[PDB]
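Before any questions on binding or motion, here is one chain by itself as structure tokens, the form deposited in one PDB entry.
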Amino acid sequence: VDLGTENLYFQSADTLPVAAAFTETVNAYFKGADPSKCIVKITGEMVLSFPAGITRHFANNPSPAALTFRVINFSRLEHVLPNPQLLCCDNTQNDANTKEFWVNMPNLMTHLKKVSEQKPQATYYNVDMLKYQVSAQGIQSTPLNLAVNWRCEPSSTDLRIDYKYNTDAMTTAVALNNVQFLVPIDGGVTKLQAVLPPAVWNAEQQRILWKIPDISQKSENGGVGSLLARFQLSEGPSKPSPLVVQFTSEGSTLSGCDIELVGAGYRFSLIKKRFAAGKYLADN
């Protein structure tokens, strides 16, 4: 066969398609159950992706249009530049709801050639454009509000975890997926007498693990639920340990920030937005 029309066209004409990705990370810490207490640190990265064949298009059209883009709903941010060569901005006043960035083309081209030598059979080359910090409030900046309670008796430990799905922390209500709840139980732990929902006790590491596939307002509970466990200890009592949660999402940012293309030459095939938990702890 021959190459497609899409690939032929892209490798010798027009205005190029690129893809943008905003990938954010929530770090959170809850203490007791008192709202804040809660401490939040939200990180982010903005990645631009260029289709394979772009190195041929740059070899057939050696003087490319300039890539110029604009992050919208800025100012919550606090950016670095993972690649200070290849990317720049104004730097001056003030802290508007918008910021403009522009790309060093000869660099972008050398960079893409390099990545293509390293990974020839990839569909997309990702280039890290921005790194950033969103900000930073209380319990209302966290997608999933945690609250943990122990009852540590001399030979039995009782665990309650209450979780609250939180729309206020995201731009558009999207599901939380592959939610994991991990909590170490010391003491003796001989038996997991009872549990709800089902969970897995891990003998070797002495911790209990819950896997909830999706949390949302479409989901069971309506997003607000409980996990309960009861252990029998040989030693005792247990010293409470911090709960570690993990989750991922796709469809929204936590920042709300977005991206516009400025010049001509380029267009956005896709803008992907996702966030995941980083260090997401809750303590007694």
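Only the largest set of C-alpha atoms that superpose within 1.5 Å between the two forms is called the rigid core. Quick note: we count residues from 1 along the sequence shown, nothing fancier.
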**Message:** For at least a third of the other PDB entries compared, is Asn126 missing from the model even though its neighbours are present?
**Reply:** no
**Request:** Taking only the other compared entries that model residues on either side of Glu153, decide whether it is unmodelled in at least a third of them.
**Result:** no
**Fill in**
For 80-88 versus 149-157, entry-based mean Cα B-factors point to 80-88
**Asked** Looking only at CA atoms, which has the higher mean B factor in the entry: 112-120 or 128-136?
**Response** 128-136
**Message:** Just the C-alpha B-factor column, please: which of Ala28, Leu254, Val224, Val47 has the biggest number?
**Reply:** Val224
**Fill in**
Of the residues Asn178, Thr171, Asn104, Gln193, the one whose Cα carries the largest B-factor in the deposited record is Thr171
**Request:** Sorting the chain's modelled residues by C-alpha B-factor, tell me whether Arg274 ends up in the lowest, middle or highest third.
**Result:** middle
**Prompt:** Which third, lowest, middle or highest, does the CA B-factor of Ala203 fall in along this chain?
**Reply:** highest
**Message:** Can you tell me whether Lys37 has a C-alpha B-factor in the lowest, middle or highest third compared with the other modelled residues of the same chain?
**Reply:** highest
**Item:** Cα B factor band for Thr43 (lowest, middle or highest third within the chain)
**Value:** middle
**Asked** Going by the entry, which third of its chain does the Cα temperature factor of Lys239 land in?
**Response** highest
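What comes next is about the form solved in complex with a partner chain, which is not displayed.
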**Complete:** For its partner chain in the entry with it bound, the stretch among 177-185, 197-205, 141-149, 116-124 with residues bearing a heavy atom within 4.5 Å is 116-124
**Prompt:** Judged by heavy atoms and a 4.5 Å cut-off, are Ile72, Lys99 and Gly256 together in contact with its partner chain in the entry with it bound?
**Reply:** no
**Message:** Considering non-hydrogen atoms and a 4.5 Å limit, which listed residue (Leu227, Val47, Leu243, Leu233) is close to its partner chain in the entry with it bound?
**Reply:** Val47
**Prompt:** Counting only non-hydrogen atoms and a 4.5 angstroms cut-off, does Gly223 reach its partner chain in the entry with it bound?
**Reply:** no
**Fill in**
Of the residues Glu100, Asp162, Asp214, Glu78, superposed on the core between the shown form and the other one, only the C-alpha of one moves by 2 Å or more, and that residue is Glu78
**C-alpha of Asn60 off by 2 Å or more between the shown form and the other one on rigid core** = yes
**Prompt:** Do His79 and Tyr266 have their C-alpha atoms closer or farther apart in the entry with it bound than here, with the shift being 3 angstroms or more?
**Reply:** farther
**Prompt:** Since the CA distance of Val71 and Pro82 differs by 3 Å or more in the entry with it bound, is it closer or farther than in the form displayed?
**Reply:** closer
